[PDB]
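**Student:** Letter by letter, the sequence shown follows residues 1 to 183, 187 to 210, 223 to 439 of PDB author numbering. Ideal Cβ placement from N, Cα and C applies to all residues, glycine included.
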Amino acid sequence: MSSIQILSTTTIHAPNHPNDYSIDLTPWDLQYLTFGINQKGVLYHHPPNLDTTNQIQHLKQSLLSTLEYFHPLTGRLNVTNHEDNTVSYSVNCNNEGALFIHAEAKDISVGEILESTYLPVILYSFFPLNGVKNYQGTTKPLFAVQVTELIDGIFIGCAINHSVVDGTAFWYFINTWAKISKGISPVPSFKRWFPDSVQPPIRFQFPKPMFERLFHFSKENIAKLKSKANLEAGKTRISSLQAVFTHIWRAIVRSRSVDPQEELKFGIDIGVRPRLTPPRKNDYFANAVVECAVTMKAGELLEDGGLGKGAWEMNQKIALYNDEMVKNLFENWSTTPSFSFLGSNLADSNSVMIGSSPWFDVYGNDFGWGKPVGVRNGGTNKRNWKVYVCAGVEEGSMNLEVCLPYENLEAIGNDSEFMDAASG
Ligand SMILES: [Mg+2]
Ligand SMILES: [Mg+2]
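1. Going by beta carbon distance, what residues of the same chain come within less than 6 Å of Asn-245, once the five residues before and after it are set aside?
2. Given the structure, does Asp-376 come close to ligand 2, in the sense that its CB is under 7 Å from one of the ligand's heavy atoms?
3. For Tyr-172, write down the residues that DSSP places opposite it in a beta bridge.
4. Is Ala-406 near ligand 4, with its Cβ less than 7 Å from a heavy atom?
5. So, under 8 Å CB-CB, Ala-313 and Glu-339 are touching, yes? Tell me the CB distance rounded to an integer number of Å.
6. Any chance the CB of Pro-373 is under 7 Å from a heavy atom of ligand 2?
7. Would you mind giving the Cβ-Cβ distance between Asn-134 and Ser-181, rounded to the nearest angstrom? I have them listed as a contact below 8 Å.
8. Report whether the distance from the Cβ of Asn-347 to the nearest heavy atom of ligand 1 is below 7 Å.
9. Whose CB is closer than 6 Å to a heavy atom of ligand 1? List the residues in chain order.
10. Extract the residue ranges of the alpha helix (DSSP H) inside the region 248-292, only unbroken runs of 4 or more that lie entirely within it.
11. Leaving aside the five residues before and after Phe-209 along the sequence, list all residues of the same chain whose C-beta is less than 7 Å from its C-beta, in chain order.
12. Spatial neighbours of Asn-94 within its chain, please: CB distance less than 8 Å, with the 5 preceding and 5 following residues excluded, ordered by chain position.
13. Taking just the CA atoms, how far does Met-1 sit from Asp-24?
14. Look at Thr-10 and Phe-100 and say whether their C-beta atoms are less than 8 Å apart.
15. Judging by CA-CA distance, which residue of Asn-396, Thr-26 and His-71 is the nearest neighbour of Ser-200?
16. Mind checking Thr-261: buried by the 16 CB within 10 Å criterion, or exposed?
17. In the DSSP output, what is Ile-23 paired with across the bridge?
18. Can you tell me where the beta strand (DSSP E) with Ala-14 in it begins and where it stops?
19. Leaving out five residues on either side along the sequence, give the residues of the same chain with a beta carbon under 8 Å from the beta carbon of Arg-206.
20. Is the region 295-314 in contact with the region 266-282, if contact means three or more CB pairs nearer than 8 Å?
21. Does the region 226-242 come into contact with the region 294-301, if we say contact requires no fewer than three beta-carbon pairs (one atom in each stretch) closer than 8 Å?
22. Using alpha carbons as the reference points, say which of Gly-428, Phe-354, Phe-382 and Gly-370 lies closest to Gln-31.
23. Just how far apart, CA to CA, sit residue 211 and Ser-412?
24. Could you check where the beta strand (DSSP E) with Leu-229 kicks off and where it finishes?
25. Find the nearest neighbour of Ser-8 within the set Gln-57, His-17 and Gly-41, judged by alpha-carbon distance.
26. For a quick check, are the C-beta atoms of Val-367 and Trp-28 less than 8 Å apart?
27. Output needed for residue 217: all residues of its chain with C-beta closer than 6 Å, excluding positions within five of it in sequence on either side, in chain order.
28. Quick check: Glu-306 and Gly-282, are their CB atoms within less than 8 Å of each other?
29. Short check: CB of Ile-12 to CB of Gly-97, under 8 Å?
30. Checking the sheet assignment: what are the DSSP bridge partners for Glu-306?
31. Would you report the Cα separation of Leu-424 and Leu-129, rounded to the nearest angstrom?
32. Are the beta-carbon atoms belonging to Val-121 and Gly-36 less than 8 Å from one another?
33. Can you say whether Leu-335 is buried or exposed, counting buried as having 16 or more other CB atoms within 10 angstroms of its CB?
34. Determine the contact status of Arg-398 and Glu-416, defining contact as a CB-CB distance below 8 Å.
35. Specify the secondary structure class of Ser-65 as computed by DSSP and reduced to three states.
36. Between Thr-139, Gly-389 and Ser-3, which lies nearest to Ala-105 when the distance is taken from Cα to Cα?
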């Protein structure tokens, strides 16, 4: 039986922190107040020859210098009640503190995590601040790192309040922390983007078991799926990612053996950084993401050519999200607030959600002992019928974390059509 023990829990602060100051939140941040905390982690193998002397200490000290540039990670959220029955939220850069947890897991190895068909559930215990919802950030920490020691490696799992960063900002922080630990770079910015049509203090009103399998998509197989989708749909602008999304969508829906006339939903995150008044990079340390939903009937998706039809439907639905579509969602949010909710582990669902991105630099995170051999999103926001996409080790490849009931994943694993362009 895999188990985990906490070796030490300590509070950490940003060094050379100024006086207290506040940061205002956009609806991109506020929409996640009901969501679990954002969680991402990286797995490292320790070959017998590797020298890991002083590792935990160098990881912590390099983390302290990284926090010098990310003051909000040690603050707390600040809710301001309004006599309007409404609320507003800010980030108070407190230097109040973040968590640094040193832990150890027994009877679980790097190799087991890599080779097991289904993720050992103990790995979810590698992430700190589990279960926490993001509105609890007024008193609970906004940031925590857990370094868990395995018999043949370590796992570094982070948790950052999802109303503070999205995944793009999240992996920018990890990238930076790993740069510093290896042996500076431009300075990010937490100042939020506001159109002049909205005054910052935004006010609003408030409110079967899961298995996980990792399916690999080689560079070559992605190009195959991109071609097939464009060919079948008679198009050229169906992206690599849209073709993968539709390929896994077909496998999941096939495994449900549902009715061909069933109305389906496929939810995607739309990075909106290349649509701001001045464009920004992952240097923009905040949320800049909108949720879009692609609709389709099950028979349309599963019929021959449905790879092309589903992908083109994704293509066209995304295309609707230009600068003016996003600007109006932003300003209309106060009026009609939208929130990401968790829900629980349904035995069956017409909706599939996908998150993360293959453009995150997930393997370029050498702390001084090597690049990671694995990447995982945390378990707090994982439910059945959710998928997370990251790049794989191989250049141009992708890995899909697919969270579903055991028998669905088994079916998908036996699906001749799906496994023709996927392994694992
Ligand atoms: Mg836990
Ligand atoms: Mg990449």
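**Tutor:** In terms of the structure at hand:
1. In the sequence shown, counting from the first residue as 1, residue 245 sits at position 230. Same-chain partners within the cutoff: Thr-251 and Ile-253.
2. On the sequence shown, position 361 is the one that residue 376 refers to. The answer is yes for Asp-376.
3. As a position in the sequence shown, residue 172 is number 172, starting the count at 1. DSSP lists no partner for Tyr-172.
4. Absence of ligand 4 is noted for the structure shown, with ligand 1 and ligand 2 being the only ligands found.
5. As a first step, residue 313 is located in the sequence shown; it is residue number 298 there, counting from the start. As a first step, residue 339 is located in the sequence shown; it is residue number 324 there, counting from the start. Rounded, the Cβ-Cβ distance is 33 Å, inconsistent with contact.
6. One-based indexing of the sequence shown puts residue 373 at position 358. For ligand 2, at least one heavy atom lies less than 7 Å from the Cβ of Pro-373.
7. The count along the sequence shown starts at 1 and reaches residue 134 at position 134. The count along the sequence shown starts at 1 and reaches residue 181 at position 181. With a Cβ gap of about 27 Å, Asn-134 and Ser-181 do not count as contacting.
8. As a first step, residue 347 is located in the sequence shown; it is residue number 332 there, counting from the start. It does not: the Cβ of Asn-347 is nowhere closer than 7 Å to a heavy atom of ligand 1.
9. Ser-125 and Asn-130
10. 255-270
11. In the sequence shown, counting from the first residue as 1, residue 209 sits at position 206. Around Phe-209: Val-87.
12. The sequence position of residue 94 within the sequence shown is 94, counting from 1. The residues are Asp-20, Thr-74, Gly-75 and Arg-76.
13. Reading the sequence shown from its first residue, position 24 is the one you call residue 24. Reading the sequence shown from its first residue, position 1 is the one you call residue 1. Those two C-alpha atoms are separated by around 46 Å.
14. Your numbering for residue 10 matches position 10 in the sequence shown. Your numbering for residue 100 matches position 100 in the sequence shown. Result yes, Cβ atoms of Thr-10 and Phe-100 sit closer than 8 Å.
15. Walking along the sequence shown from the start, residue 200 turns up at place 197. Nearest option by C-alpha distance: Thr-26.
16. Here residue 261 refers to the residue found at position 246 when the sequence shown is read from its first residue. So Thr-261 counts as buried.
17. To locate residue 23, count along the sequence shown from 1; it is residue 23. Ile-23 is bridged to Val-91.
18. Reading the sequence shown from its first residue, position 14 is the one you call residue 14. Here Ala-14 belongs to no beta strand (DSSP E), and DSSP marks it neither H nor E.
19. If you number the sequence shown from 1, residue 206 lands on position 203. Excluding positions up to five away in sequence, the list reads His-82, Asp-84, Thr-86, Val-87, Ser-88 and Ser-349.
20. yes
21. These segments do not touch.
22. Indexing the sequence shown from 1 puts residue 31 at position 31. Ranking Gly-428, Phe-354, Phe-382 and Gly-370 by Cα distance to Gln-31 puts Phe-354 first.
23. In the structure shown, the chain runs from 210 directly to 223, leaving residue 211 without coordinates.
24. Here residue 229 corresponds to residue number 214 of the sequence shown, with the count starting at 1. Its beta strand (DSSP E) spans residues 226-232.
25. As a working note, residue 8 is residue 8 in the sequence shown. The shortest C-alpha separation from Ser-8 is found at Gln-57.
26. The sequence position of residue 367 within the sequence shown is 352, counting from 1. The sequence position of residue 28 within the sequence shown is 28, counting from 1. Their beta carbons are not under 8 Å apart, which means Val-367 does not touch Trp-28 by this criterion.
27. Shown without residue 217, the model has the chain running from 210 straight on to 223.
28. The sequence position of residue 306 within the sequence shown is 291, counting from 1. The sequence position of residue 282 within the sequence shown is 267, counting from 1. Result yes, Cβ atoms of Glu-306 and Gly-282 sit closer than 8 Å.
29. Numbered from its first residue, the sequence shown carries residue 12 at position 12. Numbered from its first residue, the sequence shown carries residue 97 at position 97. Yes, the pair counts as a contact, with Cβ atoms nearer than the cut-off.
30. Taking the first residue of the sequence shown as 1, we reach residue 306 at position 291. In DSSP, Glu-306 forms a bridge with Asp-284.
31. Here residue 424 corresponds to residue number 409 of the sequence shown, with the count starting at 1. Here residue 129 corresponds to residue number 129 of the sequence shown, with the count starting at 1. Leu-424 and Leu-129: Cα-Cα distance of roughly 28 Å.
32. Along the sequence shown, one-based indexing puts residue 121 at 121. Along the sequence shown, one-based indexing puts residue 36 at 36. Result no, Cβ atoms of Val-121 and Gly-36 do not sit closer than 8 Å.
33. Residue numbering aside, residue 335 sits at position 320 when the sequence shown is read from its first letter. So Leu-335 counts as exposed.
34. Position 383 of the sequence shown, counting from 1, holds the residue named residue 398. Position 401 of the sequence shown, counting from 1, holds the residue named residue 416. Their beta carbons are not under 8 Å apart, which means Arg-398 does not touch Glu-416 by this criterion.
35. Here the question's residue 65 lines up with position 65 in the sequence shown. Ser-65 falls in the helix class under three-state DSSP.
36. Stepping through the sequence shown from its first residue, residue 105 is reached at position 105. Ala-105 has its Cα closest to that of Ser-3, out of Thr-139, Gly-389 and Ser-3.
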